[PDB]
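The form deposited in one PDB entry is given below as one chain in structure tokens.
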């Protein structure tokens, strides 16, 4: 916290008294997320309820980020653990999850791709920083939408910087010993991309742990209909390959989806 207070540029340093908390817009064990106001901006605030090290990491990551497909950091409060809070821009159009599954708004192909492309661009950005960042929690809740249908990647509370005998191991043990890479994000993305196209929650009929289990152990993936365009189904098939190294880099995901926009 002393190391952080020193390294984080001072313009980001916020006092809790500078923040006005309106509503709660999201929740969790970690803490709650309020809509509010700060330095004459409409903002979203994550407030916290090893906890120190989690918060110091998250700020260290957020303050690196500048890209129009990634949530815009505004500042944090670093006084003491009790005060701890994180502030970002607010985006009115709400989560992608809501759009698809609650409001059940029916989007056309162009609109869907724009979103897919924007998210891929944000991930590309993160993965190709000098010191790559893994989001590690990409989902339709953490894809937020501008009124005009563009999208940004949010919530870096699980994010980590990428760091710099097996013949008889059970697969799940072998997988524990292998440190995960930026490729984990691509797998999450793939599901998001299917979620967008179908309108459907992955394994909608299953509780989260069961769905994970099926993907992980029984190697199941959501159904790929014949009507899904080829270049996309390809990306899906590759993107959620159990073998991480077989998943495409986001730079290619972008390239392909932008092609589709040219042909849309």
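Rigid core: the largest C-alpha set superposing within 1.5 Å between the two forms. Positions refer to the first chain, counted from 1.
Just so it is clear, the following notes concern the form deposited in another entry, a form of the same protein that is not shown.
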Checklist entry - Pick from 191, 71, 113, 85: whose Cα moves by 2 Å or more between this form and the one not shown, rigid core superposed? => result 85
Checklist entry - So with the core overlaid, does the Cα of residue 29 end up 2 Å or more away between this form and the one not shown? => result yes
Next on the checklist: After core superposition, I'd like to know whether residue 16 moves between this form and the one not shown (criterion: C-alpha shift of 2 angstroms or more).
Outcome noted: yes
